[PDB]
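# Tertiary structure, described
Below, each chain spelled out in residue letters.
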Amino acid sequence: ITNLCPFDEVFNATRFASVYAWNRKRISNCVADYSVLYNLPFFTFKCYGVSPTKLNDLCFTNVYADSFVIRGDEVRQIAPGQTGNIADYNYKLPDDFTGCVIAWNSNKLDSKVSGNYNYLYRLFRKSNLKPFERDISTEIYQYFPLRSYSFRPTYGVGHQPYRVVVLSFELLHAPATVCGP
Amino acid sequence: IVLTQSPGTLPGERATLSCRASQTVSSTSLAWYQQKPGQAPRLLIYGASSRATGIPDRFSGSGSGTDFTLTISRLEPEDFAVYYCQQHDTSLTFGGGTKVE
Amino acid sequence: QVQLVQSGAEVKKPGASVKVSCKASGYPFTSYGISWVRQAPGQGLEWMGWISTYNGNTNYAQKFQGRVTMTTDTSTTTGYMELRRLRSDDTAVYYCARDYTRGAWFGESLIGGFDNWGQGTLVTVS
Ligand SMILES: *[C@@H]1O[C@H](CO[C@@H]2O[C@@H](C)[C@@H](O)[C@@H](O)[C@@H]2O)[C@@H](O[C@@H]2O[C@H](CO)[C@@H](O[C@@H]3O[C@H](CO)[C@@H](O)[C@H](O)[C@@H]3O)[C@H](O)[C@H]2NC(C)=O)[C@H](O)[C@H]1NC(C)=O
């Protein structure tokens, strides 16, 4: 493998998806250099089932990067075993989740004085989500199911926007496509 | 998106250069370039604020909405060049260019 | 230690085509795209288009949509551009640059700019 994994094109993107409609980018057939993620702003870096200092020596059959924007106080919901209106209605991780969660404060880019209404979350649904399920329907709840974040630079930290990237590590009885150097 | 720069033509003094867009341009999609005589352009500012590697601290950019600027806190003999503004919020455009003299 | 090395000046007749090369080194070729910008005498910078070194995807400026073709060769880590049916108004210096404004793998916009530039290739039409 001569190609390098396009982490740069995931983390340094101008635009992130809404949490109700989280975006998945597939990483494959590449060399996974994780030093940059350790090197940087990226205040939140929690790995489950794997050590962040050993990723340089591992091989995977696939790596999946799930990108979305949430509030600072909602960052704790992006973890296995957790519940809440993000964990239950927007983005659910499995209890046996294997992977790393990276998040940073994007107030400088996403917040607006008039209010940034581009980012939305789901508040109403008839049931909870299954692991890695996505629901982007707008059917009226027996309420309009989606509501804006309205991010502003005048908000305290808990209400400031955070950009979250979840790196899921797939390990199967199959030839690896992604290996560190 | 159309980018209009001013003044047409502007050592030790502070310099300010302006670039106004006909449409809103995101902080993330705007940059500034410098071109010396006989040389290719080089990147100075990206993300409307962050400095490119190798760029002196005297160079700083900022802005929002449709109004962005580039400031040089004191001009050096080598800072006399044509500066350009760029946006890639929609497609990719360059401004007319502003000369420091 | 990134460098971009372009071919020397060319002289063409009206209706002729010119192909300009740009050899890249000092970085992983397939991690960054290639952009082309030209500057006519007395004029500013005009964007011609962009190509991904990873998947061959292109994005051209409307002005050259039917005139310019861009290709890459990953075995020689070199970019190429061809501009067809040249006119006297196409006299300009054509520059290559390393593109970190759009991703090569996903095609999405990035927070960046054109950091590394070649010396420029002068094309004269007469
Ligand atoms: C997001 O992008 C930034 C900025 O990248 C830089 O600016 C862009 C506009 C383009 O011109 C890029 O080609 C250019 O690299 C990344 O920050 C950069 O990270 C690298 C790797 O850590 C830094 O290189 C190191 O610098 C130290 C000195 O501080 C040396 O000792 C090392 O040997 C090595 O050279 C680079 O300096 C740094 N750039 C800046 C301005 O700080 C950022 O990493 C990237 N984010 C992700 C996840 O990729």
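Within each chain the first residue of the written sequence is number 1 and the count goes on from 1 in that order, possibly differing from the entry; residues lacking coordinates are omitted. All chains are assigned letters beginning with A, and all ligands numbers beginning with 1, in the order in which they are written. Processing note: side-chain calculations cover all non-hydrogen atoms of the structure and skip hydrogens and water entirely. Residues with missing side-chain atoms are left out of burial classes, side-chain pairs and their counts.

## Side note on the overall build of chain A
Along its length, chain A carries three helices and 10 strands. Only DSSP runs of H or I covering at least 4 residues are called helices, and only runs of E covering at least 2 are called strands; the numbering of each starts at the N terminus. Mapped in sequence order, the helices and strands of chain A form the string α-β-β-α-β-β-β-β-α-β-β-β-β. What you see for chain A is a C-alpha radius of gyration of 17 Å, in line with the 16 Å of a compact globule of 181 residues. Along the longest, intermediate and shortest principal axes, the C-alpha atoms of chain A span 50 × 35 × 25 Å. We compute the radius of gyration from the C-alpha atoms alone; for a globule the expected value is 2.2 Å times N to the 0.38, where N is the number of residues.

## Quick look at the state of the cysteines
Between the sulfur atoms of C5(A) and its disulfide partner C30(A) the distance amounts to 2.0 Å. Around the S-S axis, the bridge from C5(A) to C30(A) shows a dihedral of about 90° and counts as right-handed. Taken together, the residues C5(A) in the segment before α1 (8–11) and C30(A) in strand β2 (residues 30–31) connect sequence positions 25 residues apart. Here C22(C) engages in a disulfide with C96(C); their sulfurs sit 2.0 Å apart. Negative torsions about the S-S bond denote left-handed disulfides, and the value of about 60° found for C22(C) with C96(C) makes this one right-handed. You can see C22(C) sitting in strand β3 (residues 18–25) and its partner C96(C) sitting in strand β9 (residues 92–99), a full 74 residues away along the chain. By disulfide we mean two sulfur atoms from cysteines, separated by a distance within 2.5 Å. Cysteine pairing for chain A, with bonded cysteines counted in sequence order: 1-2, 3-5, 4-6.

## Remarks on the environment of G61(B)
Relative to the assigned elements, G61(B) resides in strand β6 (residues 59–64). C-alpha separation for the pair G61(B) and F80(B), spaced 19 residues apart in sequence, amounts to 17 Å.

## A short note on the side chain of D79(B)
All names here are of chain B. Tracing the sequence through the fold places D79 in the loop between β7 (67–72) and β8 (82–87). Within the structure, the side chain of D79 is placed 2.9 Å from the side chain of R58, a separation counted as a polar contact. Two residues qualify as a contact provided that any one of their heavy atoms is within 4.5 Å of a heavy atom in the partner residue. In this view, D79 contacts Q34, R58, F59, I72, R74 and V100; residues no more than four positions away in its chain are not counted. Pairing of N or O atoms within 3.5 Å defines a polar contact, subject to two protein rules: one partner must be a possible hydrogen donor and the other a possible acceptor, and residues neighboring in sequence count only if both atoms are side-chain atoms.

## Details of the sheet that holds strand β7 (residues 68–73) of chain C
Sheet strands pair via backbone hydrogen bonds, and the direction of the pair is either parallel or antiparallel. All names here are of chain C. Strands are treated as partners if at least two bridges between them are detected by DSSP. Strand order in the open sheet made by the four strands is β1-β3-β8-β7, with antiparallel pairing throughout. Where the open sheet ends on each side, the last strands, each with one partner, are β1 (3–6) and β7. Taking each pair of neighbouring strands and ignoring which way they run, the sheet shows an average axis angle of 20°. Fitting a line to C-alpha atoms yields each axis, with helices limited to the stretch in contact; the angle taken between N-to-C directions then spans 0 to 180 degrees.

## Focus: the domain arrangement of chain A
All names here are of chain A. Per the annotation, domain bounds derive from an automatic or database assignment of domains. When cut into domains, chain A gives domain 1 (1–114 + 153–181) and domain 2 (115–152). When each unit is reduced to the centre of its C-alpha atoms, the spacing between domain 1 and domain 2 is 20 Å. Contact with domain 1, which involves 38 residues of that partner, is made by 25 residues of domain 2. Counting residues per element, the ones that place at least two in the side of domain 1 that touches domain 2 are β1 (23–27), β5 (62–71), α3 (107–110) and β9 (161–170). Note on residue classes: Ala, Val, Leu, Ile, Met, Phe, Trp, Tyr, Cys and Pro are nonpolar, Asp, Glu, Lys and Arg are charged, and everything else, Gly too, is polar. Broken down by class, the residue content of the side of domain 1 that touches domain 2 amounts to 18 nonpolar, 11 polar and nine charged.

## Let's talk about the pattern of salt bridges
By convention in these notes, a salt bridge is any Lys or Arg side-chain nitrogen within 4 Å of a carboxyl oxygen on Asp or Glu. A salt bridge links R71(A) to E74(A); its shortest N-O distance comes to 3.0 Å. Across the salt bridge formed by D90(C) and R38(C), the nearest N and O atoms sit 2.9 Å from each other. In this pair, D90(C) is assigned in the loop between β8 (78–83) and β9 and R38(C) in strand β4 (residues 33–39), connecting sequence segments 52 residues apart. Connected via shared salt-bridge partners are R38(C), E46(C), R67(C) and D90(C).

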